[PDB]
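A short write-up of the structure that comes next.
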Amino acid sequence: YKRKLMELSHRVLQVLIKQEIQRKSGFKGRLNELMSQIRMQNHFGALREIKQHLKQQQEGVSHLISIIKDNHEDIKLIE
Amino acid sequence: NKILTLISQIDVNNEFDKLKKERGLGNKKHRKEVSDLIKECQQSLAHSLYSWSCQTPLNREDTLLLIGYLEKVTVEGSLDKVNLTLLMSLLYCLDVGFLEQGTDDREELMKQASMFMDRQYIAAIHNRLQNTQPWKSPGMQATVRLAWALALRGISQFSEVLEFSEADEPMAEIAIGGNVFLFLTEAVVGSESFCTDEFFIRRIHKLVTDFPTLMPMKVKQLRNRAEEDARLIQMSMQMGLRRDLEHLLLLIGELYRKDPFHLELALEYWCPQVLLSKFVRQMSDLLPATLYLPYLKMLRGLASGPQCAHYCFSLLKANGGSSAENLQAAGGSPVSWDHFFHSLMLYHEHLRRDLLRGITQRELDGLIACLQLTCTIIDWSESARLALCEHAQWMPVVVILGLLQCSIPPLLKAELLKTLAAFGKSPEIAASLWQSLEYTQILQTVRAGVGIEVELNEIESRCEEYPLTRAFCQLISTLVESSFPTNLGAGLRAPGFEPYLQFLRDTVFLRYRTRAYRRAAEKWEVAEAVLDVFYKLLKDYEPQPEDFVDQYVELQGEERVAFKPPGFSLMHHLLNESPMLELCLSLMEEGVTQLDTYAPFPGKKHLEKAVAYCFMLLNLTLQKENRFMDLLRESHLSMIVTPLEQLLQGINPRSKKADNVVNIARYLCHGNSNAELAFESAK
Amino acid sequence: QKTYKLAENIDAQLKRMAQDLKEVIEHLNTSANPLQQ
């Protein structure tokens, strides 16, 4: 469906360019190395003290996001 | 005897009924399996009998048993493959043709042939053949009768069997009374297995060549009888039918029409034998229209190969120049390149001038046969083509070209284009052919709907046949392989092939599913045609940054965009959801299902080749797609292309899900029957 | 009855490069000892 959506998007953009024409008348190596890197990651596909701090920080952000959402909802009601 | 008997009790229907009685019939797979197994059993046993006969002739009683078996064999008018092989085995059995091969071991061969030592074999085979008991196939009775007659005639030239030397001539009479010629034409040659084993072709053709070679008095008698019958027939026609002569003619034309072993037996009928050339001549003299059709066919058959067709081209062309003849008679050989090319120019003038004394149907028949015959001669001898294309008084190329624009019946157009192709076989010819076709506007390449479009939409659609379109795509392809020019039609419109392209893709292919097929194989064949041209078209396409910068040409005063690298359009159609792509996929799914049927011949060979071309185009798009995407991404048509990969996982309309690849695989299940599609698929 | 071309060419190129970066993020996702967790 998505690729067909791309082809239909091509179709629609072309039809729009057409109704714009007739009636309205009058890097690559970087890409290669990037592919090599993605393939390398695919190949790759085939400390108890830290967890305290990490759980603590996830908890801190978990609290903060709450205030963020509350600010969003208050902004809503004000609007 | 046990071989004949076991093959005789092996009735596939009887075995099937027995198995269905005990419920022993497995799936259609298993059914085909056991059936092919039984057919293999019978065919192998028969092959053992035949190979035995080919190695060592069978004894007197064995041969009489074979005769008793054959005398009860039935056709269907064509004889069965196993029936044909049995008849042919007994044919090679009575074959005395090894007595005229000048090889030095003649004594040892005459002592290894059972027919020369046990006169009882001659007596008994003769008394069985001379029994008036009508074999269940009387045409087969007469066939064997003529065979035994020719064998007695060939053995009568050796001093040891004179007690039979007189029973050959009457035997042939009996055989000639039994429509032996017709039995040979329809039952065996008309059997689709005859041209399968080259040795069967050699046996049939050997008996055929021996027919006029060992008994010339009988051919003369048939000639006189056919002449008297032609006189009486003319008397009847003016006063408001035995087709012997036509039958022998067609038999000769068909038996040699193929030389799968390339033996060139037809070389006997041309003289660079004497009786053969003499008959080939005398049959051309005062040829009534009735045999004008058959004789050409015979001539076609006679042309089999380089040398024979060369002789035939010589025959026509010599019969076609300025030569005094006939003691001031109105016409010479009604079969003569003079008559051919002359009546041809006559029709061309009479028709171009009428642009109604329409061609009588019989005249159409004679013309069709003549075109086919010349086609065969040109095809088989390149000297024939070189001679015919350059004879100044015939100008057959320009004559046919003048004919084409004239409203002839479609079939004559088919035959004429067929001869056009037969002559085009030489490349020099093809060059002028391309130019002149571009000249005569047989297809409108310069629009100033008329033409093949309307006739396809109204005639070809109505008559439920599209021979015109098939010839059209055939010409298009033969031309496109010969490097069609980039400025095609430049001056009348935008240079580029796009017009014929749209005609093929929108009108023919995309509609090919909606057209009615009186012969179902036609849908498949027409798809095959369109596919061949689209394939070759893409196969040359090299993606270049020139294609994507729209070159502006001043055509007819308006700036039109020049056509891109020829396949670019096709690629844009395959790189998007074009009905073309879905049609490819639909033909794919349909072929997959049809294959799953595991079903016989109907439309098959064409169906295979079609799907194969489809896979080929798929591979080609995948192959070029990398550079094509690089170039398009470098020149930036807003055209969005998707790599064929993502499309292949498309959700199939019929399947409602991504089974394109799965279906594509499923052909791999049909490997052991179809190697080709498997190869393409795995690729 | 030129500049844009080269520009939309960079357009196709950046579209493809974005696709590749998405692929890279995806392989890094499949990557997810303790260190990778």
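Chain labels A, B, ... are given in the sequence in which chains occur in the structure tokens; within each chain residues are numbered consecutively from 1, and ligands are likewise numbered from 1 in the order shown.
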Margin query: With DSSP run on the backbone, what are the alpha helix (DSSP H) residues within range 515-574 of chain B? I'd like them as a PyMOL selection string.
Written below: chain B and resi 521-539+545-548+568-574
Item checked: Neighbour list for residue 14 in chain C as an MDAnalysis selection string, cut-off 12 Å, only C-alpha atoms, skip fewer than 6 positions in-chain -> (chainID A and resid 27:28 30:31) or (chainID B and resid 633:634 636) or (chainID C and resid 7:8 20:21)
Notebook entry, point to check: Counting only C-alpha atoms, what is within 10 Å of range 23-32 of chain C, bar same-chain residues fewer than 5 positions away, as a VMD selection string?
Noted result: (chain A and resid 34 to 46) or (chain C and resid 17 to 18 37)
Next item on the list: Just need the residues of chain A within 8 Å of chain B, counting only C-alpha atoms, so spit them out as a ChimeraX atom specification.
Entry: /A:1,3-4,6-10,14
For the residues selected in the previous step, produce a file with N, CA and C atoms as an mmCIF file, in the first residue's frame.
```
data_model
loop_
_atom_site.group_PDB
_atom_site.id
_atom_site.type_symbol
_atom_site.label_atom_id
_atom_site.label_comp_id
_atom_site.auth_asym_id
_atom_site.auth_seq_id
_atom_site.Cartn_x
_atom_site.Cartn_y
_atom_site.Cartn_z
ATOM 1 N N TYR A 1 0.823 -1.199 0.000
ATOM 2 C CA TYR A 1 0.000 0.000 0.000
ATOM 3 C C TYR A 1 0.858 1.250 0.000
ATOM 4 N N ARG A 3 4.078 1.747 -1.092
ATOM 5 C CA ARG A 3 4.728 1.999 -2.371
ATOM 6 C C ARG A 3 3.711 2.425 -3.413
ATOM 7 N N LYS A 4 2.525 1.819 -3.383
ATOM 8 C CA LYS A 4 1.477 2.252 -4.294
ATOM 9 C C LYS A 4 1.046 3.671 -3.970
ATOM 10 N N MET A 6 3.117 5.922 -2.930
ATOM 11 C CA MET A 6 4.153 6.731 -3.559
ATOM 12 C C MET A 6 3.887 6.899 -5.050
ATOM 13 N N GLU A 7 3.515 5.813 -5.726
ATOM 14 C CA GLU A 7 3.237 5.908 -7.157
ATOM 15 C C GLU A 7 2.018 6.785 -7.424
ATOM 16 N N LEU A 8 0.988 6.667 -6.587
ATOM 17 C CA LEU A 8 -0.189 7.512 -6.738
ATOM 18 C C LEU A 8 0.121 8.961 -6.407
ATOM 19 N N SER A 9 1.024 9.200 -5.455
ATOM 20 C CA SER A 9 1.472 10.557 -5.182
ATOM 21 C C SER A 9 2.163 11.144 -6.401
ATOM 22 N N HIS A 10 3.023 10.355 -7.045
ATOM 23 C CA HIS A 10 3.589 10.782 -8.318
ATOM 24 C C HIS A 10 2.484 11.154 -9.291
ATOM 25 N N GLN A 14 1.710 14.949 -10.624
ATOM 26 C CA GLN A 14 1.771 15.179 -12.060
ATOM 27 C C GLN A 14 0.471 15.770 -12.583
#
```
Item checked: Selection: 9 Å around residue 114 in chain B, only C-alpha atoms, excl. self and same-chain fewer than 3 positions, as a PyMOL selection string -> chain B and resi 56-60+110-111+117-118+121
Closest contacts (chain C/chain B, max 10 Å, only C-alpha atoms) as a Markdown table:
```
| residue | atom | partner | partner_atom | distance |
| --- | --- | --- | --- | --- |
| C:1 | CA | B:558 | CA | 9.1 |
| C:2 | CA | B:549 | CA | 8.2 |
| C:4 | CA | B:636 | CA | 8.2 |
| C:5 | CA | B:636 | CA | 5.1 |
| C:6 | CA | B:635 | CA | 6.0 |
| C:7 | CA | B:636 | CA | 7.5 |
| C:8 | CA | B:636 | CA | 4.9 |
| C:9 | CA | B:636 | CA | 4.3 |
| C:10 | CA | B:634 | CA | 7.3 |
| C:11 | CA | B:636 | CA | 7.5 |
| C:12 | CA | B:633 | CA | 4.9 |
| C:13 | CA | B:633 | CA | 6.1 |
| C:14 | CA | B:633 | CA | 9.5 |
| C:15 | CA | B:633 | CA | 9.5 |
| C:16 | CA | B:633 | CA | 9.0 |
```
Note to self: What does the structure give for the distance between CA of residue 359 in chain B and CA of residue 186 in chain B, in Å to one decimal?
What the structure shows: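 For CA of residue 359 in chain B relative to CA of residue 186 in chain B, the distance reads 29.7 Å.
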Margin query: Between CA of residue 497 in chain B and CA of residue 437 in chain B, what is the distance in Å, rounded to a tenth?
Written below: 14.7 Å
Margin query: Which residues are near residue 264 in chain B? Cut-off 10 Å, only C-alpha atoms, ignore same chain within fewer than 3 positions. Put them as a ChimeraX atom specification.
Written below: /B:256,258-261,267-268,302-308
Kindly save the residues from that selection, with N, CA, C and O atoms included, as a PDB file, in the first residue's frame.
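Output file part_29.pdb follows:
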```pdb
ATOM      1  N   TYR B 256       7.522 -33.765 -47.666  1.00  0.00           N
ATOM      2  CA  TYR B 256       8.831 -33.143 -47.757  1.00  0.00           C
ATOM      3  C   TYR B 256       8.854 -31.733 -47.191  1.00  0.00           C
ATOM      4  O   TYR B 256       9.934 -31.158 -47.050  1.00  0.00           O
ATOM      5  N   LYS B 258       8.826 -30.810 -44.416  1.00  0.00           N
ATOM      6  CA  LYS B 258       9.822 -30.881 -43.363  1.00  0.00           C
ATOM      7  C   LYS B 258      10.876 -31.905 -43.749  1.00  0.00           C
ATOM      8  O   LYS B 258      10.557 -32.944 -44.336  1.00  0.00           O
ATOM      9  N   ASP B 259      12.131 -31.594 -43.441  1.00  0.00           N
ATOM     10  CA  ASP B 259      13.238 -32.536 -43.522  1.00  0.00           C
ATOM     11  C   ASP B 259      13.964 -32.460 -42.188  1.00  0.00           C
ATOM     12  O   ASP B 259      15.101 -31.982 -42.113  1.00  0.00           O
ATOM     13  N   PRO B 260      13.312 -32.895 -41.107  1.00  0.00           N
ATOM     14  CA  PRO B 260      13.947 -32.782 -39.785  1.00  0.00           C
ATOM     15  C   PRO B 260      15.310 -33.441 -39.718  1.00  0.00           C
ATOM     16  O   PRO B 260      16.161 -33.015 -38.928  1.00  0.00           O
ATOM     17  N   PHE B 261      15.542 -34.469 -40.526  1.00  0.00           N
ATOM     18  CA  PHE B 261      16.851 -35.089 -40.642  1.00  0.00           C
ATOM     19  C   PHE B 261      17.713 -34.402 -41.685  1.00  0.00           C
ATOM     20  O   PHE B 261      18.871 -34.790 -41.865  1.00  0.00           O
ATOM     21  N   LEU B 267      15.477 -33.322 -53.512  1.00  0.00           N
ATOM     22  CA  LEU B 267      16.443 -33.185 -54.596  1.00  0.00           C
ATOM     23  C   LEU B 267      16.189 -34.192 -55.707  1.00  0.00           C
ATOM     24  O   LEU B 267      16.680 -34.018 -56.828  1.00  0.00           O
ATOM     25  N   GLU B 268      15.440 -35.259 -55.419  1.00  0.00           N
ATOM     26  CA  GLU B 268      15.102 -36.207 -56.469  1.00  0.00           C
ATOM     27  C   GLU B 268      14.158 -35.607 -57.497  1.00  0.00           C
ATOM     28  O   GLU B 268      14.220 -35.984 -58.670  1.00  0.00           O
ATOM     29  N   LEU B 302       8.442 -29.156 -52.092  1.00  0.00           N
ATOM     30  CA  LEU B 302       9.611 -29.521 -52.873  1.00  0.00           C
ATOM     31  C   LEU B 302      10.819 -28.658 -52.557  1.00  0.00           C
ATOM     32  O   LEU B 302      11.947 -29.080 -52.821  1.00  0.00           O
ATOM     33  N   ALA B 303      10.618 -27.474 -51.998  1.00  0.00           N
ATOM     34  CA  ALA B 303      11.705 -26.535 -51.792  1.00  0.00           C
ATOM     35  C   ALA B 303      12.510 -26.830 -50.542  1.00  0.00           C
ATOM     36  O   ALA B 303      13.341 -26.009 -50.155  1.00  0.00           O
ATOM     37  N   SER B 304      12.302 -27.981 -49.913  1.00  0.00           N
ATOM     38  CA  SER B 304      12.801 -28.194 -48.560  1.00  0.00           C
ATOM     39  C   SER B 304      14.322 -28.209 -48.581  1.00  0.00           C
ATOM     40  O   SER B 304      14.936 -29.188 -49.013  1.00  0.00           O
ATOM     41  N   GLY B 305      14.930 -27.125 -48.112  1.00  0.00           N
ATOM     42  CA  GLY B 305      16.365 -27.052 -48.010  1.00  0.00           C
ATOM     43  C   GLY B 305      16.971 -25.990 -48.902  1.00  0.00           C
ATOM     44  O   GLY B 305      16.286 -25.360 -49.713  1.00  0.00           O
ATOM     45  N   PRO B 306      18.280 -25.769 -48.761  1.00  0.00           N
ATOM     46  CA  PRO B 306      18.954 -24.826 -49.669  1.00  0.00           C
ATOM     47  C   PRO B 306      18.872 -25.219 -51.134  1.00  0.00           C
ATOM     48  O   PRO B 306      18.375 -24.438 -51.955  1.00  0.00           O
ATOM     49  N   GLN B 307      19.324 -26.426 -51.481  1.00  0.00           N
ATOM     50  CA  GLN B 307      19.498 -26.793 -52.882  1.00  0.00           C
ATOM     51  C   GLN B 307      18.161 -26.971 -53.592  1.00  0.00           C
ATOM     52  O   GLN B 307      17.990 -26.519 -54.730  1.00  0.00           O
ATOM     53  N   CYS B 308      17.206 -27.642 -52.943  1.00  0.00           N
ATOM     54  CA  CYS B 308      15.906 -27.861 -53.569  1.00  0.00           C
ATOM     55  C   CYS B 308      15.200 -26.542 -53.846  1.00  0.00           C
ATOM     56  O   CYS B 308      14.690 -26.321 -54.952  1.00  0.00           O
TER      57      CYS B 308
END
```
